[PDB]
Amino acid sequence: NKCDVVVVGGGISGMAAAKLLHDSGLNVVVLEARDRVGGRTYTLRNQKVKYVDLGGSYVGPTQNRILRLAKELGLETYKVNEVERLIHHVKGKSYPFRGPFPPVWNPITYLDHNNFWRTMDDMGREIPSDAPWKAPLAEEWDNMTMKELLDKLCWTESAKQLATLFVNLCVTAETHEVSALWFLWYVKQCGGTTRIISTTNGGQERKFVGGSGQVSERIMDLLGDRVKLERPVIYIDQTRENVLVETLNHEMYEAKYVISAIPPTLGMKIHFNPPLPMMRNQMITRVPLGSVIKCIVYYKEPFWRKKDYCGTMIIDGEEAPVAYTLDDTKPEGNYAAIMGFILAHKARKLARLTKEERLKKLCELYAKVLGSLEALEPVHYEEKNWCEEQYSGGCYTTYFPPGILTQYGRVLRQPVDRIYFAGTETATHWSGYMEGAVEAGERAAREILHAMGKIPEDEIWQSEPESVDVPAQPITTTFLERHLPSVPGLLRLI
């Protein structure tokens, strides 16, 4: 029954909010729909794998909030293997390379690849992180899919193929499904193309020893009986003095304030009294999450390292079930494994197969790409289709179709009376990530502290000191990268 704040959802965002409020002296309850905490993070333990992340997993430089929270909880990170060569597999053949970016040798193609990435970052600099709908060309870019943008910008099929794979991997959606404004904002608010795609010095630098699921589990340990598992919220009543929150199993909770820490569209699962205002009522029907199967194949040894491959593969083509892989071997060098993502329309297509049929397709692919028969002899397989989850709706995050961000965007974190909004989707830096979940949960908690007169308005949005354990190198561009002409630019110059 009675408390100061009810938090709906026990993922990273809901747990970070509740921890903050608890640490401030307020009485808090977390209502969680599933029989576990963690939401879009999930760590499986069994004897074969020891532990494995089946949801969110990677952290890296500039993600200072998730790094500080995990450190305080007693977690350690380790580095993803990127010692040996990366592989770019294109038109049925493998090209090993070093550095973050796959090299291009044809000169025209070179100019086209260079101009595409540069243009993405240029366009991003006109987009405010906390208000993308205030971009000078907000409407024009929002009324256009990423597919239309790629068609205009890319003068070669080679650049257009790589840019498409880039979109599919970042947001688990097809280029024709997503707004150009929304995708450019998304990349920008992660620090740009280089920062988002890199292992070393980027979003994929590190993982947590023991799994990322420990973040939510350890906060639940701190909160004890305040966390209520298998309590899906069905009903929120704001007509009276205290807010009334009802669960599916017929319990009633009473509070001064609520934080909703669930993906925006999952707000549909709740019946509101009084009805939601018009813009939010419609927004929550307009914001799907992407589609992905995360798959991990285990091997006796990390045999790719013997051929001077790190295990990172960038794989083009319609036939490949998996477009991107990373080494998932434990820091000690055992439980050798390759992690890969089956993205967007391939997730829909390959979900019809059996677990065993998917394993066979992956092994045959890895054998071609790595040039090794050893890939045909897996010792174990784990996978998770996020599309089938009632209380997630997909992964990694919410995407915006064309027209939606400019029309409904400003409503995402706008309070509805005594309901405040957290969840990674409402963040302004690494929104879509575990980092964004922490930002949003702690910000929504402070909005409530301010409404209670406990802190100045000044203190709702708080900056984060840089991690000493995971420092960031700055992103640099060369003179030639900055000044080489586009393909049409070279044509004008002719």
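Position 1 is the first residue in the sequence shown; the rest follow in order. Heads up, when I say rigid core I mean the largest set of C-alphas that superpose within 1.5 Å between the two forms.
Structural divergence in 8 other deposited structures of this protein between 99 to 107 and 171 to 179: following superposition by the core, 99 to 107 has C-alpha atoms lying farther from the shown form.
As recorded in the PDB entry, 311 to 319 is the stretch of 311 to 319 and 262 to 270 with the greater mean C-alpha temperature factor. The stretch 85 to 93 shows the higher mean C-alpha B-factor when 85 to 93 is compared against 394 to 402 in the entry. Across the options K134, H380, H250, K294, the residue with the most elevated CA B-factor in the record is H250.
Going by the entry's values, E466 shows the largest Cα B-factor out of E425, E32, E466, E435. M452 sits in the highest third of its chain by CA B factor, as recorded in the PDB entry. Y42: CA B factor lies in the middle third for its chain, per the PDB record. Per the PDB record, residue ranking by Cα B-factor puts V59 in the lowest third of the chain. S216: CA B factor in the middle third of modelled residues in this chain (values from the PDB entry).
Annotation for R280: C-alpha temperature factor in the lowest third relative to the rest of the modelled chain, per the entry.
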